[PDB]
Amino acid sequence: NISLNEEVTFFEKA
Amino acid sequence: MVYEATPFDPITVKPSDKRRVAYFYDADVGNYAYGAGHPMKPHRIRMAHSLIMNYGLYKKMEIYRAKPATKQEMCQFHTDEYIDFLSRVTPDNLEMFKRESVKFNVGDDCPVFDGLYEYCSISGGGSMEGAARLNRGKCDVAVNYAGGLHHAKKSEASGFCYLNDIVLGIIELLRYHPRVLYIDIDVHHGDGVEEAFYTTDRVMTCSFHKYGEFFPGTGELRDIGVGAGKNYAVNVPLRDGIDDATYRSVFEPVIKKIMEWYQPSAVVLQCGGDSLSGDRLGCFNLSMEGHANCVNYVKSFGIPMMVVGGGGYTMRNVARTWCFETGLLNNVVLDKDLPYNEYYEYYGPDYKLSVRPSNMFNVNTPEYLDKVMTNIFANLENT
Amino acid sequence: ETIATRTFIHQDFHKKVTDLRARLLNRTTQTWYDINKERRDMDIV
Amino acid sequence: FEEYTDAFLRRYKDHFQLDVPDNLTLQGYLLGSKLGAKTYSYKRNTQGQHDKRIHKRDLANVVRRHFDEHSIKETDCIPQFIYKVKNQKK
Amino acid sequence: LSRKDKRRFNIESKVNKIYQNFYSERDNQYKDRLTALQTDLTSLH
Ligand SMILES: [Zn+2]
């Protein structure tokens with residue numbers, strides 16, 4: 001679940 | 001005493017036995033020039049292939065084209081930086097690559113020429129596809145004359161050999177075989193493959209080279225291996241002008257002993273053309289029939305074998321012996337006439353399928369041969 | 001030379017088609033058995 | 001989108017079930033000369049054959065048009081993309 | 001940031017929904033895949 005947090009932060013940063 | 005000179009028997013092949021051979025030729029292999037004054041000449045593969053086309057051998061043999069080896073496949077041996085620099089380098093931008101060239105031992109004795117990566121990939125792909133077809137069991141012999149450049153180290157290109165496709169071929173054979181025997185005939189010592197497979201048991205890097213003042217500077221009787229590869233590095237150093245009869249008397253006992261003790265499943269037989277009379281740098285005096293008797297003896301056993309090319313600093317003699325060996329691989333003897341081809345005017349003033357020995361001081365005394373055979377047998381009984 | 005290289009091309013094409021058909025059949029088999037492995041190893045948990 | 005490969009376009013056509021014939025390979029495109037028209041492939045891939053092929057440029061244009069036309073919604077695809085990324089090992 | 005994190009919960013819930021759907025329809029999905037591979041094999045034959 002935590003791995004999804006950084007992935008979504010990556011997407012919003014993109 | 002182990003060595004015993006015997007008269008040279010005539011060539012004889014079993015007619016009952018049938019052998020499948022898959023000759024490999026990339027038409028673009030013979031189009032890269034090392035330089036104006038460089039002994040290396042890739043044209044010999046093309047001339048030999050033209051000879052095999054003209055002799056009518058295509059009606060009894062299989063021939064294909066091997067896909068070029070990918071960079072990752074080619075990196076199965078060499079370091080990433082080495083292959084990266086070899087790809088990135090061009091004869092026109094070495095000013096910015098001077099330090100890399102100095103580190104990688106390239107430029108002075110081995111220079112950079114356009115199409116270098118294409119040649120290296122062609123040779124590697126030929127070797128890898130030959131090994132892959134050997135594993136699949138469709139063809140008993142996988143002839144790849146393009147490659148055989150066994151002087152390439154892991155991170156250095158010494159002895160005019162930039163990539164060592166023999167290592168990759170042996171690797172892809174080892175993926176499905178426990179023990180493969182490697183035989184060398186090139187005058188120079190096979191430094192690259194030897195260094196690669198010096199600490200392993202799964203290979204038998206047998207060699208037949210010459211010891212003296214040379215560039216390799218290796219191949220002593222002392223070197224036998226480290227770790228599990230101890231006594232698994234057979235070297236037979238020789239001297240100037242070894243003739244046909246004594247070369248056969250040295251080769252046949254040793255190979256018979258290796259096949260009786262080591263018992264390999266496949267053979268990676270090097271067939272370097274620089275071990276012949278009239279060579280540019282090779283000091284031997286072996287004739288073409290002597291160069292092919294070894295191959296015929298290896299073939300007579302009846303096991304899968306991967307024949308590769310390699311050295312050879314002359315063109316006509318190398319092409320003649322290669323086509324003769326290819327014919328002998330089919331249990332067919334080639335006549336002495338060299339049928340007309342585009343490159344017919346190359347083949348000397350004799351215009352016959354034969355390379356004739358010269359008069360050189362046969363420094364190979366029988367005592368040296370007996371001593372080296374005794375040492376080889378002593379270090380071989382441990383297997 | 002023309003006859004030789006024509007036969008050479010035909011042999012190369014036949015080898016290539018045989019190799020590719022074998023590759024496709026092997027890939028189908030590999031995917032089938034990978035699927036069977038995944039189904040067996042998904043019920044254990 | 002002609003800079004792509006043949007495999008990508010063929011798989012795109014298969015997945016979206018487009019009714020466009022498979023593109024002719026570059027070598028297949030150069031095959032079609034005056035004497036090249038006498039070969040088996042060209043004589044069997046030009047007229048009256050349902051297996052007819054067409055150039056890569058037109059198929060690339062068709063795929064580009066269909067790809068730009070096909071709208072997307074982040075909620076439907078981003079989780080699917082994440083699942084596919086975390087599933088490729090299996 | 002509640003608004004920024006809203007998309008995060010939505011993405012996590014959608015991924016979990018995909019996983020639950022897969023875990024529910026394992027049997028039919030893998031039966032379909034096995035039948036597809038078998039028919040591909042018999043067609044390639
Ligand atoms: Zn040599």
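Structure determination for this entry is recorded as cryo-EM, at 3.5 Å resolution.

This part covers the overall build of chain E. Of regular secondary structure, chain E possesses two helices and zero strands. Overall, chain E is about 60 × 20 × 5 Å in size when its C-alpha atoms are taken along their principal axes. Burial status across chain E gives 20% buried among its 45 residues. If you sum the accessible surface of chain E, you get close to 3,500 Å²; carbon and sulfur atoms cover 51% of it. Of the charged side chains in chain E, 10 are positive and 6 negative, and the gap between their average positions amounts to 12 Å.

Here we take up the interface of chain C and chain E. Bring the parts together and some accessible area is lost; that lost area is often taken as the interface size. Between chain C and chain E, the residue contacts involve eleven residues of the former and ten residues of the latter. The contact between chain C and chain E buries some 1,200 Å² in all, and 75% of this surface belongs to carbon and sulfur atoms. Taken as a group, C:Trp32, C:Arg39 and C:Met42 account for 44% of the area that chain C buries against chain E, more than any other trio of residues on that side. Viewed at the interface, chain E and chain C are joined by zero salt bridges. Across the contact surface, chain C and chain E share two residue pairs in polar contact. Its residues assigned to classes, the side of chain C that touches chain E comprises five nonpolar, three polar and three charged.

What follows covers the coordination of the zinc ion. For a metal bound by four donors in a tetrahedral arrangement, the ideal donor-metal-donor angle is 109.5 degrees, while six donors in an octahedral arrangement ideally sit at 90 or 180 degrees. All names here are of chain B. The coordination sphere of the zinc ion, as far as protein atoms go, consists of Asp186 (OD), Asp186 (OD), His188 (ND1) and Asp274 (OD), spread over 2.0 to 2.3 Å. Around the zinc ion sit four donor atoms; with metal-centred angles ranging over 65 to 151°, the donor geometry is irregular. Read N to C, the donor residues that coordinate the zinc ion are spaced as D-x1-H-x85-D. Overall, the relative accessible area of 2% leaves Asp186 in the buried class. With relative accessibility at 12%, the residue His188 sits in the buried group.

Residues and elements named next belong to chain B. Relative to the helices and strands, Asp223 is located in the loop between β4 (203-206) and α8 (244-261). A relative accessible area of 15% means that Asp223 is categorised as buried. Within the local environment of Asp223, its side chain forms a polar contact with the side chain of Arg222, the two groups lying 2.6 Å apart. Ignoring sequence-local partners within four residues, the contact set of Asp223 consists of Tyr198, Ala233 and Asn235.

Direction vectors running N to C along helix α1 (residues 2-13) of chain A and helix α1 (residues 2-24) of chain E enclose 125°, while the axes themselves pass 10 Å from each other. Taken together, the axes of α1(A) and α1(E) lie oblique to each other. Crossing geometry of α1(A) relative to α1(E) is assigned as right-handed. Side by side, α1(A) and α1(E) meet where A:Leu4, A:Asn5, A:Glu7, A:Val8, A:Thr9 and A:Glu12 of the first sit next to E:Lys4, E:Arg8, E:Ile11 and E:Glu12 of the second. Among the residues forming the contact of α1(A) with α1(E), the class breakdown is three nonpolar, two polar and five charged.

The next point concerns the interface of chain C and chain B. With nine residues of chain C in contact, the opposing surface of chain B contributes twelve residues. Here chain C packs against chain B, burying approximately 1,100 Å² in sum over the two surfaces, 57% of which is carbon and sulfur. Three residues, C:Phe8, C:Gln11 and C:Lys15, lead the burial of chain C against chain B; their summed loss comes to 51% of the area buried on that side. Viewed at the interface, chain B and chain C are joined by one salt bridge. Residue C:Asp19 pairs with B:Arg136 through a salt bridge whose shortest N-O separation is 2.9 Å. Where chain C touches chain B, the interface holds three residue pairs in polar contact. Class assignment for the residues of the side of chain C that touches chain B results in three nonpolar, one polar and five charged.

Close approach of charged atoms lets side chains of opposite charge pair. Within this structure, the stated rule accounts for 18 salt bridges over all chains. Across the pair A:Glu12 and E:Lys4 runs a salt bridge whose closest N-O atoms are separated by 3.0 Å. With A:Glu12 in helix α1 and E:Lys4 in helix α1, this residue pair bridges two chains. Judged by relative accessible area, which is 42%, A:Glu12 ranks as partly exposed. In this structure E:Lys4 comes out as partly exposed when scored by relative accessible area, which is 37%. For B:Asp26, the salt bridge is made with B:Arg65, and the minimal N-O distance between the two is 2.6 Å. Taken together, the residues span a long stretch of sequence, with B:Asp26 in the loop between β1 (22-24) and α1 (43-54) and B:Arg65 in the loop between β2 (62-64) and α2 (71-74) at a distance of 39 residues. By relative accessible area, B:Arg65 is classed as partly exposed at 31%. Residues joined by salt bridges that share partners form a network here, namely B:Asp9, B:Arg248 and B:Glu252.

Residue and element names in this part refer to chain B. The four strands are arranged β4-β3-β5-β6 in an open sheet whose pairing can be described as parallel. Of all strands in the sheet, those with a lone pairing partner are β4 and β6 (305-308), marking the two edges. Pairs of neighbouring strands in the sheet enclose a mean axial angle of 15°, with direction left out of account. When strand β3 (residues 180-183) meets strand β5 (residues 266-270), the two strands line up parallel, connected through four bridges. When the bridges of β5 are listed, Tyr182 appears paired with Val268.

A word on empty space enclosed by the protein. Residues and elements named next belong to chain B. Evaluated as defined, the whole model comprises four cavities of 30 Å³ or more. Here the largest cavity defines a volume of roughly 60 Å³. Taken together, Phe24, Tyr25, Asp26, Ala66, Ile122, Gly126, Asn144 and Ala146 form the lining of the largest cavity. Per-class residue counts for the lining of the largest cavity are five nonpolar, two polar and one charged. Each pocket or cavity is described by its volume, and for the second largest cavity that value is around 40 Å³.

Here the focus is the nonpolar core. Counting 124 residues, the largest nonpolar core has B:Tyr162, B:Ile170, B:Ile183, B:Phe208, B:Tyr247 and B:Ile255 as the members making the most contacts within it. It is helix α5 (residues 116-136) of chain B that contributes the most residues to this core, eight residues altogether. B:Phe208 has contacts with B:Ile183, B:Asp184, B:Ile185, B:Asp186, B:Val236, B:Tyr247, B:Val250, B:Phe251, B:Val254 and B:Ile255, leaving out every residue within four places of it along the chain. One finds D:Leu9, D:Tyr12, D:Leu18 and D:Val20 within the second-largest nonpolar core, a separate group that totals seven residues.

What counts, and where the lines are drawn
Residues numbered from 1 in each chain as written, not as in the entry; some residues may be left out. Chains lettered and ligands numbered in written order. Part of a larger assembly, values for the part shown. Heavy atoms only, no water. Helix = DSSP H or I, 4+ residues; strand = E, 2+ residues; numbered from the N terminus. Buried < 20%, exposed > 50% of the residue type's maximum accessible area, 1.4 Å probe, protein only. Areas by Shrake-Rupley, 256 points an atom, 1.4 Å probe, with all protein chains shown as cover. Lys, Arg positive; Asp, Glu negative; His and termini not counted. Charge placed at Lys NZ, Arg CZ, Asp CG, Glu CD. Contact = heavy atoms within 4.5 Å. Buried area = accessible area lost by both parts, 1.4 Å probe. Salt bridge = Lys/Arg side-chain N within 4 Å of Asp/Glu carboxyl O. Polar contact = N/O pair within 3.5 Å; in protein donor to acceptor, adjacent residues only side chain to side chain. Nonpolar A, V, L, I, M, F, W, Y, C, P; charged D, E, K, R; others polar. Donors = N, O, S within 2.8 Å, 3.2 Å for Na, K, Ca; no water. Tetrahedral: all angles 85-135°; square planar, octahedral: opposite > 155°, others 65-115°. Axes fitted to C-alpha atoms, helices over the stretch in contact; angles between N-to-C directions. Parallel < 35°, antiparallel > 145°, perpendicular 65-115°, else oblique. Left-handed = near helix turned anticlockwise from the far one by under 90°. Pairing = 2+ DSSP bridges. 1 Å grid on protein atoms, 1.4 Å probe; cavity = no way out; pocket = protein on both sides within 12 Å on 5 of 7 lines; lining within 4 Å. Points joined across faces, edges and corners; volume = space filled by probe spheres on them. Core = buried A, V, L, I, M, F, W, Y, C linked by side-chain atoms within 4.5 Å.

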